[PDB]
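Only one structure is covered here, and it is reproduced in the block below.
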Amino acid sequence: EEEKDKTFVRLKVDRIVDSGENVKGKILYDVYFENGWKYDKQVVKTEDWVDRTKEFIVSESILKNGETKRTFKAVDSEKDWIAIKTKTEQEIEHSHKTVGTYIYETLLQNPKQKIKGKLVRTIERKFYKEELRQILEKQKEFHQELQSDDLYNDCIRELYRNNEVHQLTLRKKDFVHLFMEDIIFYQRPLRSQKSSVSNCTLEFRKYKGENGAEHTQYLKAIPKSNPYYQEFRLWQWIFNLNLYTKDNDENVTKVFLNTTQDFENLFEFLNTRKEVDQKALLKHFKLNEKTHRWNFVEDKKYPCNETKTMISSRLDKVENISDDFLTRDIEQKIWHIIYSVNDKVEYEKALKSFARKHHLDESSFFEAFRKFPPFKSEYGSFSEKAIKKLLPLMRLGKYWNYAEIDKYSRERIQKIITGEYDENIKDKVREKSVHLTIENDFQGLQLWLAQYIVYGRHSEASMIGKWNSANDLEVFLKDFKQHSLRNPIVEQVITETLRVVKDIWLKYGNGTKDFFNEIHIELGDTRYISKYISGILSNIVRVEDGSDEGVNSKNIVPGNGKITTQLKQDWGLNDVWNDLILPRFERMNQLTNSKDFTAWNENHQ
Amino acid sequence: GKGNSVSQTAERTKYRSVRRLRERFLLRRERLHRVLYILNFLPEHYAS
RNA sequence: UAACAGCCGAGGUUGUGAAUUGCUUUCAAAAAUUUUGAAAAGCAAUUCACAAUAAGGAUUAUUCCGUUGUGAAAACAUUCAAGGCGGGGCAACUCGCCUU
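Each protein sequence line maps, in turn, to chains A and B.
Read in order, the letters of the first sequence correspond to residues 363 to 967 in the working numbering.
Read in order, the letters of the second sequence correspond to residues 4 to 51 in the working numbering.
So this is what it looks like as structure tokens:
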């Protein structure tokens, strides 16, 4: 906000008029200051508020109504970092002098005053920048050397001998820029975090490396702010919509949404908005709140491809242009320009260049797009390749086209409408896709059917997994990636469990497979490890005949505290433990010189 | 049960970041020394 | 909710110099074993400037490695390909798209 007041002031309360707020048997007061300000929050205890000097950091925000909306927040002198920062900021500011000059003047007043860590600890870098520039531009006149060029080329060459590019770039500046923006105040940008982005689970690439093999590189996940991903999610939501009424609670859907025209109209209506909700969805069909619902939460809002609507709003705010500049290519280019260039000045340069290349006025477009919010850090499950492949299949109406589909999906569709037999077609396919008699029936498709049509696999069925010996387990242990769990404690516990099971299998199995028959897991915050350890250990005693299938083997039988304590008490194990641990207890009795640590019982004698 | 920097890697990263800041400051000082020497602004004994 | 990783800030501590003043001792003089004095050392206090801040090892790129895990190879994991369809700034650098 243009203000960023955050002003630290110390105000004394004059009087506390009773505000008549009787809550929980106590009436609250208000706060009045000499300047004419009131604390927004109420006051209960008057002992700490009457005629006391209270200091807060206050921010004034200009609301649309035309009056400041002052905020209040308690701060403490020399105890709060932000409070000390703001106090020093204001003390330098009202002096209208440089921070070094402020330190001087304080030294002038009191020679005993300590400077570092007490007087000025934390302030904005811009103050030091301002003072240092001022001194260099002042001294540059007197010293001819600061205006020379042979020395400025020599020093640039010394700094960047092996960098021709940076040498040539900097040969156009002055010594002030070198001292400020290239040496002292240069701060490196954040390291790229794209290296940790997850991989697409559908698209693979195969290539021959230098090691004489052929292995696969994965595709990085598409950003969730991608217009393709936004459109895909909007299409998913629009197709998933089923309506309900309030009188008889019947499924009124497929009546108001039967033909392709209604779905096309719903999509076109949702393009112009940013977030659909109950009221907008009901009004789109001229329905009402009192009579119908949309099968979901009546007070929740879902994303509605807000990027396109925001771009349209900005491109209408710039004005002085026709309503045809914005298109799919322009939207993608705008997304690339804003999301790619994550730096303020370079973002400004990119926006100016984008306004220059297109025949548009760069007067209000730059102002509209300079405050564009940086996109949220989130990435989808798949990539842009998968979404680009899948999107033609889902769309219906004029957005449904057979030409944009690639060779593989088109051939699979032709095979499934022909009814012939392919090695990639099962009876499940003909059961599910019996309604796809004609190639035109591939309208308004869903994620699962379109995914199988495109790639040829029905959802994620895992690979079950069976370990024929400890070789597989030790390979998996060697290939285990560090920091792949929530916390290090769990991962180290699991790793040591794997180590001990490997050792026991090696010893008591002597290299014989299937030596173990059943494995039981007891845990005793730590609850999430159960499913993971069951999934890991399923790969040993799984039964391959089909009588043991699923995410986890039926052989893995988790335990619980109830059965443990019941069997320990019933089977005499509690007595065994007690007699085993007694010797420490009579030693404790002997050292304590008391008999309280062991108590006799006659039921067990 | 609650968690407050409960990891060895956390303190390792803390120490590494502190060292990195120190090394950045030292590099800035080195570049300043080189620039000032090539401009001949330092005193004789200091540059010696 | 959390892991991991990255860009930066202000202290503190030890150490050098300096401004002021302290306590102890010895040289060191006067005076009545004792009081005062010149000097030196040891130990500090307050403030300012600077050095180091895990021992150490590279390098001259606006680069770094040194408190994590595995385990005998003192070996690694935490970097990891080829091009092309391109955009972004005065560029280095970075971000979208496609085939092996």
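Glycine included, each C-beta is placed from N, C-alpha and C at the ideal position.
Along chain B, which residues have their Cβ under 7 Å away from the Cβ of residue 887 (chain A)? The contacting residues are 4.
State the DSSP-derived secondary structure class of residue 579 (chain A), mapped to helix, strand or coil. It is a strand residue.
What are the residues in the region 494-525 of chain A lying within 7 Å of chain B by C-beta distance? Of all residues in the region 494-525 of chain A, those with a C-beta nearer than 7 Å to a C-beta of chain B are 507, 513, 516, 517, 520, 521, reading in chain order.
Cα-Cα separation between residue 421 (chain A) and residue 404 (chain A), rounded to whole angstroms: Their backbone Cα atoms lie some 18 Å apart in a straight line.
Using the beta-carbon count (16 or more within 10 Å), is residue 424 (chain A) buried or exposed? With fewer than 16 Cβ atoms within 10 Å of its Cβ, residue 424 (chain A) is classed as exposed.
Who are the neighbours of residue 540 (chain A) on chain B, taking C-beta pairs under 8 Å? 38, listed in chain order.
How about residue 467 (chain A) and residue 478 (chain A): do their beta carbons lie closer than 9 Å? No, the Cβ-Cβ distance between residue 467 (chain A) and residue 478 (chain A) is not below 9 Å.
Option nearest residue 682 (chain A) by Cα separation, candidates A:390, A:918, A:722: Closest by alpha carbon: A:722.
Tell me, to the nearest whole angstrom, how far the beta carbon of residue 501 (chain A) is from that of residue 508 (chain A); I am working on the premise that it is less than 8 Å. At roughly 7 Å, the Cβ-Cβ gap stays under 8 Å, so residue 501 (chain A) and residue 508 (chain A) are in contact.
Taking the CB atoms as reference points, tell me whether residue 514 (chain A) and residue 533 (chain A) lie closer together than 9 Å. Contact: yes.
Could you name the residues of chain A that residue 31 (chain B) contacts, counting a contact when the two beta carbons are closer than 7 Å? Correct list: 545, 546.
Same chain, Cβ closer than 7 Å to residue 615 (chain A), neighbours up to 5 away in sequence not counted: Here the set comprises 604, 605.
If the cut-off is 9 Å on Cβ atoms, which residues from the region 849-860 of chain A count as contacting chain B, listed in chain order? Taking a C-beta cut-off of 9 Å against chain B, the contacting residues of the region 849-860 of chain A are 849, 850, 851, listed in chain order.
So, with DSSP's three-state summary, where would you put residue 382 (chain A)? Taken through DSSP and simplified to helix, strand or coil, residue 382 (chain A) comes out as strand.
How many Å lie between residue 401 (chain A) and residue 442 (chain A) at the Cα? C-alpha separation (whole angstroms): 20 Å.
How is residue 517 (chain A) classed by DSSP in three states: helix, strand or coil? In the structure shown, residue 517 (chain A) sits in a helix (DSSP, three-state: H, G or I).
Suppose contacts are defined by Cβ-Cβ distances below 9 Å. Is residue 758 (chain A) in contact with residue 622 (chain A) by that definition? At the C-beta level, residue 758 (chain A) and residue 622 (chain A) come within 9 Å of one another.
For residue 748 (chain A), which residues of its own chain have a beta-carbon under 7 Å away from its beta-carbon, when the five flanking residues on both sides are left out? Excluding sequence neighbours, residue 748 (chain A) sits near 562, 564, 565.
With a threshold of 9 Å between beta carbons, is residue 845 (chain A) in contact with chain B? Between residue 845 (chain A) and chain B, the shortest Cβ-Cβ separation is below 9 Å.
Mind pulling the alpha helix (DSSP H) runs of 4 or more residues that sit fully within the region 498-544 of chain A? Restricting attention to alpha helix (DSSP H) runs no shorter than 4 residues, the region 498-544 of chain A encloses them at 512-521, 526-532, ordered along the chain.
Hey, residue 903 (chain A) and residue 918 (chain A): beta-carbon distance below 9 Å or not? Their beta carbons are under 9 Å apart, which means residue 903 (chain A) touches residue 918 (chain A) by this criterion.
Just confirm the distance between the C-beta atoms of residue 431 (chain A) and residue 373 (chain A), as a whole number of angstroms; I'd bet it's less than 8 Å. That belief does not hold up - the Cβ atoms of residue 431 (chain A) and residue 373 (chain A) are roughly 18 Å apart, past 8 Å.
What in chain A is Cβ-close to residue 51 (chain B), meaning under 8 Å? Simply none; closest approach about 19 Å.
Beta strand (DSSP E) containing residue 390 (chain A): first to last residue? From DSSP, the beta strand (DSSP E) with residue 390 (chain A) extends over 389-391.
Proximal residues, the region 4-28 of chain B versus chain A, C-beta separation under 9 Å: Residues passing the 9 Å Cβ filter: 4, 6, 9, 10, 11, 12, 27.
With burial defined as no fewer than 16 other Cβ atoms inside 10 Å of the residue's Cβ, what is the status of residue 927 (chain A): buried or exposed? Residue 927 (chain A) sits exposed, since fewer than 16 C-beta atoms from the chains shown fall within 10 Å of its C-beta.
When the Cα atoms are used, what is the spatial distance from residue 382 (chain A) to residue 12 (chain B)? In this structure, the straight-line span from the alpha carbon of residue 382 (chain A) to that of residue 12 (chain B) is close to 55 Å.
Comparing alpha-carbon positions, which option in A:457, A:558, A:727 lies nearest residue 846 (chain A)? Nearest C-alpha to residue 846 (chain A) among A:457, A:558, A:727: A:558.
Relative to the C-alpha of residue 776 (chain A), which residue among A:815, A:751, A:808 is closest? Out of A:815, A:751, A:808, A:815 has the C-alpha closest to the C-alpha of residue 776 (chain A).
DSSP on residue 696 (chain A), reduced to helix/strand/coil? Here DSSP, grouped into helix, strand and coil, assigns residue 696 (chain A) to helix.
Would residue 45 (chain B) count as contacting chain A if we go by Cβ distances under 9 Å? By this cut-off, residue 45 (chain B) is not an interface position.
Here's the rule I'm using: 16 or more other beta-carbon atoms within 10 Å means buried, otherwise exposed. How should residue 756 (chain A) be labelled? Buried: at least 16 other Cβ atoms inside 10 Å.
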